[PDB]
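In what follows, a structure is listed as structure tokens, so that the remarks can point back to it.
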4 protein chains.
Amino acid sequence: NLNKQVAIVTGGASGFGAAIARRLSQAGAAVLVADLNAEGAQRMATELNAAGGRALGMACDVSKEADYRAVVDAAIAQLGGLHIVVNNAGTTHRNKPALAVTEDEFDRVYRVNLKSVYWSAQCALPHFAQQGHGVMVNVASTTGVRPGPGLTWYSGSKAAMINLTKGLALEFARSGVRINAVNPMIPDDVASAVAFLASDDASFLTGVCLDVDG
Amino acid sequence: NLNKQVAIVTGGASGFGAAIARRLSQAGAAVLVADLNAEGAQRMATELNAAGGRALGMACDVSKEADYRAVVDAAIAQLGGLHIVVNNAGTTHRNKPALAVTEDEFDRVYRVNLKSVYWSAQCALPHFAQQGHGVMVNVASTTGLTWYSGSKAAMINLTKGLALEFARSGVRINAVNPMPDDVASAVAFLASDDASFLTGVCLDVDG
Amino acid sequence: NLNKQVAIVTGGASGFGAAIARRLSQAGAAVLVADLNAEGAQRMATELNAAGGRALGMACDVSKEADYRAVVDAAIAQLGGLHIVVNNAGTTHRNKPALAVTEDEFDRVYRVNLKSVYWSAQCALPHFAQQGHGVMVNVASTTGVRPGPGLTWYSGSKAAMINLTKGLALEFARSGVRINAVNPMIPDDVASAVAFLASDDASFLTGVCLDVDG
Amino acid sequence: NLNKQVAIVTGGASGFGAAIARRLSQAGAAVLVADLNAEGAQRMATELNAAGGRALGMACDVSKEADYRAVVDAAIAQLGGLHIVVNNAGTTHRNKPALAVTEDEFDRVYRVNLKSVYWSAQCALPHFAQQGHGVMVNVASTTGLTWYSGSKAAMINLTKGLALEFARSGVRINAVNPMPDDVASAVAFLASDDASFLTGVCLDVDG
């Protein structure tokens, strides 16, 4: 149960982010839905609101400090605090050979799947440390069990993000702040995993990556 | 015997990359010494030529396409081909709390190391695939879990992914994980025909 | 909450097994405490009973099919069913160099940390499959993070047990039966991990090994 | 060049172990062919001696101390020493539901493979430690997650643990993971001085 708790969910307009926002709001948390797409973010918030929830939509490029700080400040100021930060990876776009991935796609993966976690760390972790509680859950991009070709550059930055998440966790391990990760492997099970990890029943877990059925 | 083979060594002017440049030259291989410091690259090249080897030094920001393509085009045009690419792109890093890490400090570890493997793949592996043979060796020099420990995991992961994407192509892609002689030995082994049964493998060795 | 649920906990008289038995009984489960030591098993059951619980002690060599079948039958007949099976690894005994480990210690590790999981599979899994629900949690022996010398033969059979647990899980994955594992790495966090994995809130997890602070 | 070196190859009468026995003999190394079938071991030994090599065949249940100690004592007494031990002890296994696996079927995978590495360590590594040099190579032949997939993980894990427990001893402990030429090549490499910078390493190669 996450009553009186505030969550930011990035990637919130679609995919795993929308399912995660739905689940956390169903558990009683106030949700700031953050997404590149302001309209998609607002639609998800309207849906959560129509269903009994308290939610707000906000546009945000998780690669930009200012966008990520503004979403943290918006959650604190207008929803009244921040206790949970869920960073959603993208939809992995299409599967194609390593040498067909253009620079723009490579760059986007870096921005959305690694740089976002760095800014999340810089923008949300001090608040958590200050209040002596908080949870960050990083949802990796979806890679197959024993993955084959087609996701080489995704699997690369994914391995980096999971290790950064475990590294951040060791630093914050005696702060009350828990930093954990979800590895969707080919939406209910992804959302259930995030909702459990955000709950106080997961208080004994940090620096963990939970493999779940994508 | 890397005689009759051309090798590009990134980060070649010092550290693991200098030691690799020397071992590979000593094995009889032409070597394009690539590094961020043109002066140091030229220095290593002159030493190698002075030791009886063949070598050209070029300034190269591995995070930039033009720089990597230059190093590749030069090796094919001036050194006479390309059969080996060694990617050394890590640096030392004082472990400080992650909230003291500036964006640049972060990009230098995650953005440079990853994109260097990216440009290495876009720029050099088509030449390997065209001739049906070639070896990429990615030394994870980035320097227990720290904020920067993810570069090494990605380098290893990318090595294994690229290797699968080049299965049965005659193109082998391998890694070295230094935890410098033993590093240069593992590179020279992996770059040699004696390692033709090995692709997608990471060799942990004492640094 | 594990009300109206029956758990077998092996290794139950001491160590992580006792902490796990305490936690599961505190959550409402009936506990058959199984242990090599009949008296230690009975003492733990008496403690759980004095605290509000329903518990029974029973001697059992988890390396022997007959001992393991008798504990399953005892739980079904006298506590009224079986839904949870926790296999506790040993205390890792002492840390000593690989070549100082005698054959008797090597043999004991195999029996307690691997053969037990095979019999648990043969003796408890058909019952779970029959009823279409059930959870098995295998608690590995405690190994350090990035472990050094001293636990070579433990770390060997531990790696085997965790892979067997993931293998068993894939087989039973569409049966309602969840097979999961806990890796104590140097007792509350071990017991919390087992209690969560045994609950219906972990229903979306199978074939997972949870690293936790030992 | 394994000339001037003695090697014990377990499971030597067929499969990966025969191919290893031949490659190592061809490298100039005396070879004690150890296997569960004495006749087949003697056959391989005769073939190797007939090819100009030196070899003795012995029946050996690797799960038993006396059998492994015999193979070790014989190699030191009849073949003139011991510098290499290759552990092949896996077998093929039809994947069936785990509830159809009999206790014996389970012991044959988990008990034999693990205890074989145990006796290999108790029986052979003291000789290596005494002379300050030696190489143990553990080929994980036990044959995606299955009930028997844990043998391979243990073999790799034990290899890395033993290697750490023998750091700086001149005694190297390595593994090969066949997913037979490429297996025998990786064994012969790992057993040779060319691999002296490698301990605690598992080489994945196509089987």
Side-chain angles (χ1 to χ4, degrees), chain A residues 92 94-103 105-106 109 143-144 146-159, chain B residues 2 5-10 24 29 62 65 68-69 71-72 75-76 81-89 113-140 153-177 186-203, chain D residues 177-179 181-182 185-186 202-207:
Chain A
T92 299
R94 314 162 188 178
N95 300 8
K96 60 178 72 174
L99 304 202
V101 175
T102 63
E103 185 181 1
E105 185 173 0
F106 186 87
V109 170
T143 61
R146 193 207 55 119
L151 289 181
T152 295
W153 309 113
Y154 287 87
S155 304
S157 50
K158 166 169 183 167
Chain B
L2 293 193
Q5 295 187 58
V6 179
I8 289 174
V9 181
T10 71
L24 296 193
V62 287
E65 184 175 2
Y68 213 117
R69 180 143 283 127
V71 165
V72 172
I76 301 168
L82 184 62
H83 320 74
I84 294 169
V85 175
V86 175
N87 291 298
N88 301 278
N113 302 139
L114 286 184
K115 198 154 199 177
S116 85
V117 180
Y118 181 73
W119 290 128
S120 192
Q122 292 292 340
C123 294
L125 295 182
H127 189 85
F128 292 164
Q130 183 184 35
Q131 82 205 357
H133 58 273
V135 191
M136 162 178 312
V137 186
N138 305 300
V139 178
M155 292 301 101
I156 298 180
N157 181 282
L158 292 180
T159 298
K160 293 173 185 294
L162 288 172
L164 185 48
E165 302 223 21
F166 281 87
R168 301 157 173 167
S169 65
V171 181
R172 303 181 296 109
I173 300 151
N174 292 289
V176 186
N177 171 27
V187 176
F189 168 62
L190 289 172
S192 86
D193 294 308
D194 291 285
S196 55
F197 58 100
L198 286 175
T199 186
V201 169
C202 181
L203 290 189
Chain D
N177 171 27
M179 293 183 284
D181 301 359
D182 283 358
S185 297
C202 181
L203 290 189
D204 303 321
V205 300
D206 186 292

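Values reported hereafter were calculated over all heavy atoms of this structure, with side chains retained and with hydrogens, waters and symmetry mates removed. In the text below, chain A, chain B and the rest are named by the order of the sequence lines, each starting its count at 1.
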B:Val117 and B:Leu162: side-chain contact (heavy atoms from CB on, under 4.5 Å), yes or no, with the steps?
-> CA-CA 10 Å; B:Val117 180; B:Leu162 288 172; 3.8 Å; yes
Relative to each other, are the rings of A:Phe106 and A:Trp153 parallel, tilted or perpendicular (30° and 60° limits)?
->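 The arrangement is perpendicular - the two ring planes meet at more than 60°.
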Measure the spacing between [atom1] of [X] and [atom2] of [Y] and express it to the nearest 0.5 Å.
X	Y	atom1	atom2	answer
A:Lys96	A:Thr102	NZ	OG1	6.0 Å
B:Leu158	B:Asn138	CG	CG	8.0 Å
D:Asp204	B:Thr199	CG	OG1	11.0 Å
B:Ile76	B:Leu82	CD1	CG	6.0 Å
B:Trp119	B:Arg69	CH2	CZ	7.5 Å
B:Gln5	B:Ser192	CD	OG	8.0 Å

Residue pair B:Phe128, B:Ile173: steps toward the side-chain contact (heavy atoms from CB on, under 4.5 Å) verdict = CA-CA 11 Å; B:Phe128 292 164; B:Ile173 300 151; over 6 Å; no
Is there side-chain contact between B:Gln122 and A:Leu99, with heavy atoms separated by less than 4.5 Å?
->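 B:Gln122 vs A:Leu99: side chains touch.
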Non-hydrogen side-chain atoms of A:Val101 and A:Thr152 separated by less than 4.5 Å |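 No, their side chains stay 4.5 Å or more apart.
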Specify the closest pair of heavy atoms between [X] and [Y], including all atoms of both residues, with the distance to one decimal.
X	Y	value
B:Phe189	B:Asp194	CE1-O, 3.6 Å
D:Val205	D:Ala186	CG1-CB, 4.1 Å
B:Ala121	B:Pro126	O-CD, 3.2 Å
B:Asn113	B:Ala89	ND2-O, 2.8 Å
A:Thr143	A:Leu151	CA-CD1, 4.1 Å
A:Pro147	B:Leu164	O-CD2, 3.9 Å

Between the side chains of B:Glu65 and B:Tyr118, is a donor N or O closer than 3.5 angstrom to an acceptor N or O?
-> no
Do any N or O atoms from the side chain of B:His83 and from the backbone of B:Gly134 form a donor-acceptor pair under 3.5 angstrom?
-> no
So, the side chain of B:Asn174 versus the backbone of B:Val201: is there a donor-acceptor pair under 3.5 Å, distance only?
->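 Yes, because the side chain of B:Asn174 sits within donor-acceptor range (under 3.5 Å) of the backbone of B:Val201.
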Might you work through the side-chain contact (heavy atoms from CB on, under 4.5 Å) test for B:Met136 and B:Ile84, ending with a clear yes or no?
-> CA-CA 6 Å; B:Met136 162 178 312; B:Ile84 294 169; over 6 Å; no
Carefully, step by step, assess B:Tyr68 and B:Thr10 under the rule side-chain contact (heavy atoms from CB on, under 4.5 Å).
-> CA-CA 9 Å; B:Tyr68 213 117; B:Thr10 71; 3.9 Å; yes
